[PDB]
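Convention: sequence-line order gives letters A, B, ...; per-chain numbering from 1. Any value given below was found using the heavy atoms of this structure, including those in side chains, with hydrogens, waters and symmetry copies removed.
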Amino acid sequence: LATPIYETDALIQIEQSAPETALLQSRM
Amino acid sequence: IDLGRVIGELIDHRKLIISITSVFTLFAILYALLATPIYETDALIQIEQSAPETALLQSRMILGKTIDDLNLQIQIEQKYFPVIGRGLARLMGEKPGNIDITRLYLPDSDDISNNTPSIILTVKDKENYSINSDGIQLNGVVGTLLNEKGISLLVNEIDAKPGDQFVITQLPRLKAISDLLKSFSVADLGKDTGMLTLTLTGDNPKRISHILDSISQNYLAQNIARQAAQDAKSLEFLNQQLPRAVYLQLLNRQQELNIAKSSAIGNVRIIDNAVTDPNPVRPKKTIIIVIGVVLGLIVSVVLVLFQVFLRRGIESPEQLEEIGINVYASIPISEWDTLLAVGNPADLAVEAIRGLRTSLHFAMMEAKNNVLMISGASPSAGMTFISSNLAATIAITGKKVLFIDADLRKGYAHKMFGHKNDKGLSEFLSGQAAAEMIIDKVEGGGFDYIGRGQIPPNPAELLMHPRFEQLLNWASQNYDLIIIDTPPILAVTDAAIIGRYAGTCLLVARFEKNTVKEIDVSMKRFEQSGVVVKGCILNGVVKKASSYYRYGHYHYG
Ligand SMILES: Nc1ncnc2c1ncn2[C@@H]1O[C@H](COP(=O)(O)OP(=O)(O)O)[C@@H](O)[C@H]1O
Ligand SMILES: [Mg+2]
């Protein structure tokens, strides 16, 4: 009876990568 | 130890356990529902390092600039007399009031301790208000500014109901800076990223967001002034060096320094302006309540275990029978100045006493005479209760019974039987009475008794008189059974004097009060005086779930 939970994903390339995680989860 | 015993102990002390745990949980509920909620706001700053920027953000210059901008040195508190008035007022949904103050100056008493001047403002309407410093009452009105007695004040936009009181403090600038600092936090969250998370906690959900925005703005505007400055120093130098190809060269360089000055956006960027999480971060109600309940349970269990290991009273006849003492009966509490065996002949205690009667009818054969002496170890163990009721039950079977109250110190049998208090046992023993004026009839009984009479000054020495043995020898020919009630044996020695003439002697042990040690000492003290104790009678039993010793103390009929 529990509602099923689907998952979606995407792949991004950074031409680093430590601050971009915080940018993505930002409120802007 | 085993599991059954501990389960029984918890079942028996359930009342105490529930009471203590409920009290602890009630205090936890009260605290979690009356503590002032604390909200938290945050913002995100991007750094184009990051170790010195943390220290520069928490510097006194930037925080001081923020405080000066937003007047954080004017502290306003809604007044509630108790340490719970604010919380309760919140609980009824009452909206707290707020006042905008834009100018304040107190006389600055500044004694040894109270460096913080304060006043109390009582709101009288939407417009006017009363002000008191130390009883100095003044009237002010919104709008017009006030300068009286060395107090300058300006209030705008009173938003409250009349009658409210507000404490207004003018705390020193450094105190305000420290207060702001202790609630302000900065973190890196990446240890290398240009990401700084700024956090500020406070009781007002909007004021904290305004403060954090002001801090971010001040820090940012400060940072660009640094980069603009070094360009401005270069621009100023080139202008001061102006004296034609070089003339054009410096002008082009000057314009490059002009554009570099105006394009301020630099090392610091505000990603997220501050917003406030609407759910307060403190107090954390669920964890408070869980800790309260768990603490109640732990303290209750420790208290119960403490009481169990410090309990020493008798609990079952097995304890007495280990030592080698015959227990002839076990009398329970009768929850019901009258003889129980007459008022309520069908009580459980009277049933147990009938069991004792049938035990005696077999024990007292081959006794040297028909005299029974009931005694005990400690006072108020039940000797008079047992003796009197036993006499009643033996009397209802058609046998002549004589009850003697040989407790010449605190005997009250005459009160409990209905009395002619003259000519008790004392008057006979001292020689100023005969054997016939002392014997009296119980009304609701069926047996005779002899009361003590007047309290003598020499009880133990009276009982040694041979007239006592004369009385016993005479009565032993006119009655089927003689019961003698005596004082305790640990207190005085009367019982051991009397027991010389008694064919049978029994002790009464009170259920939880006495211990096995007293009973053993009492038996040995009786033996040393040449009195052989037949056995013991456990009295005052109650139901214990932990017992696993289980009686016939239940109604059958
Ligand atoms: N099993 C019992 N049930 C109800 N009351 C009792 C019981 N045992 C003793 N008592 C009452 O408690 C009081 C103390 O007993 P009491 O015999 O008078 O003291 P003592 O043994 O020192 O002479 C008395 O009022 C008695 O009626
Ligand atoms: Mg007594």
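When all heavy atoms are compared, the tightest approach of B:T41 to B:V275 is OG1-O, 2.5 Å. Residue B:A496 comes nearest to B:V531 through the heavy atom pair O-CG2, 4.0 Å, listed as atom of the first residue, atom of the second, then distance. The shortest heavy-atom contact between B:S380 and B:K513 is OG-NZ, 4.0 Å. Scanning all heavy atoms of the two residues, the minimum distance from B:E443 to B:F417 falls at CG-O, 3.8 Å. B:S359 and B:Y328 get closest at one heavy-atom pair: OG-O, 3.8 Å. The shortest heavy-atom contact between B:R312 and B:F309 is NH1-O, 3.4 Å.
A donor-acceptor distance shorter than 3.5 angstrom exists from the side chain of B:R90 to the backbone of B:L33, with no hydrogens or angles considered. Looking at B:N389, its side chain does come within 3.5 Å of a backbone N or O of B:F385 through a donor-acceptor pair. B:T197 places no side-chain N or O within donor-acceptor distance of the main-chain N or O of B:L44, the cut-off being under 3.5 Å. In terms of modelled atom types and a separation under 3.5 Å, the side chain of B:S19 and the main chain of B:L16 share a donor-acceptor contact. Under the 3.5 Å distance criterion, the side-chain polar atoms of B:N539 are matched with a main-chain donor or acceptor of B:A381. For B:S209 (side chain) and B:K206 (main-chain N/O), a donor-acceptor pair under 3.5 Å exists by modelled atom type. Within the 3.5 Å criterion, the main-chain N or O of B:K517 finds a donor-acceptor partner in the side chain of B:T515. Although no hydrogens or angles enter the test, the distance criterion places a donor-acceptor pair under 3.5 Å between the side chain of B:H553 and the main chain of B:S330.
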- Dump the intermediate steps for side-chain contact (heavy atoms from CB on, under 4.5 Å) on B:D12 and B:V304, then the final yes or no. CA-CA 10 Å; B:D12 287 303; B:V304 175; over 6 Å; no
- Query: Taking it one step at a time, do B:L72 and B:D179 satisfy side-chain contact (heavy atoms from CB on, under 4.5 Å)?
  - Reply: CA-CA 10 Å; B:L72 277 296; B:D179 291 331; over 6 Å; no
- Report the C-alpha separation of B:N370 and B:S476 in whole Å, then their side-chain angles, then the decisive distance to 0.1 Å, and conclude whether the side chain to side chain donor-acceptor pair (under 3.5 Å) test is met. CA-CA 7 Å; B:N370 58 341; B:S476 172; 2.8 Å; yes
- Show the numbers, then the answer: is there a side-chain contact (heavy atoms from CB on, under 4.5 Å) between B:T486 and B:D494? CA-CA 7 Å; B:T486 59; B:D494 292 331; 5.9 Å; no
- Stepwise, does the side-chain contact (heavy atoms from CB on, under 4.5 Å) test hold for B:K175 with B:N115? CA-CA 10 Å; B:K175 192 57 179 65; B:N115 189 359; over 6 Å; no
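Ring orientation note: the planes of B:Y501 and B:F468 are tilted relative to one another, at an angle of 30° to 60°. Taking the six-membered ring for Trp and thresholds of 30 and 60 degrees, B:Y551 and B:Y549 have ring planes inclined between 30 and 60 degrees apart.
Salt bridge status for B:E527 with B:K524: absent, with no side-chain N to carboxylate O gap under 4.0 Å. Using a 4.0 Å cut-off between charged nitrogen and carboxylate oxygen, B:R452 and B:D485 do not count as a salt-bridge pair.
By the neighbour-count criterion of 12 heavy atoms within 6.0 Å, atom OH of B:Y31 is sparsely surrounded, having that number or fewer from other residues, nucleotides or ligands. Applying the 6.0 Å contact sphere to CZ of B:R354 captures more than 12 heavy atoms from other residues, nucleotides or ligands. In B:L310, the CG atom is crowded: over 12 heavy atoms of neighbouring residues, nucleotides or ligands sit closer than 6.0 Å. Counting heavy atoms of neighbouring residues, nucleotides and ligands inside a 6.0 Å radius, atom NZ of B:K410 does not exceed 12 of them. In this structure, B:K368 places its NZ atom where more than 12 heavy-atom neighbours from other residues, nucleotides or ligands lie under 6.0 Å away. No more than 12 heavy atoms of other residues, nucleotides or ligands shown are found within 6.0 angstrom of CG on B:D337. By the 6.0 Å contact criterion, CD on B:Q454 is open, its count of non-hydrogen atoms from other residues, nucleotides or ligands being 12 or less. Counting non-hydrogen atoms of other residues, nucleotides and ligands closer than 6.0 Å to CZ of B:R311 gives a total above 12.
Of the candidates B:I38, B:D203, B:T201, B:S183 forms a side-chain contact (heavy atoms from CB on, under 4.5 Å) with just one, namely B:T201.
Partners of B:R550 by side chain to side chain donor-acceptor pair (under 3.5 Å), not counting sequence neighbours: none found. Among residues two or more places apart in sequence or in another chain, the side chain to side chain donor-acceptor pair (under 3.5 Å) test is passed with B:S378 by B:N514. Among residues two or more places apart in sequence or in another chain, the side chain to side chain donor-acceptor pair (under 3.5 Å) test is passed with B:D480 by none.
With contacts defined as side-chain heavy-atom distances shorter than 4.5 Å, the pair B:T397/B:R357 qualifies. B:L402 has its side chain out of reach of B:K400: every pair of non-hydrogen atoms, C-beta onward, lies at least 4.5 Å apart. Side chains of B:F511 and B:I331 form no contact here, defined as non-hydrogen atoms less than 4.5 Å apart. Contact of the B:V342 side chain with the B:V442 side chain is not registered, since no non-hydrogen atoms from C-beta on lie closer than 4.5 Å. B:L340 is not listed as a side-chain neighbour of B:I353, based on a closest heavy-atom distance of 4.5 Å or more.
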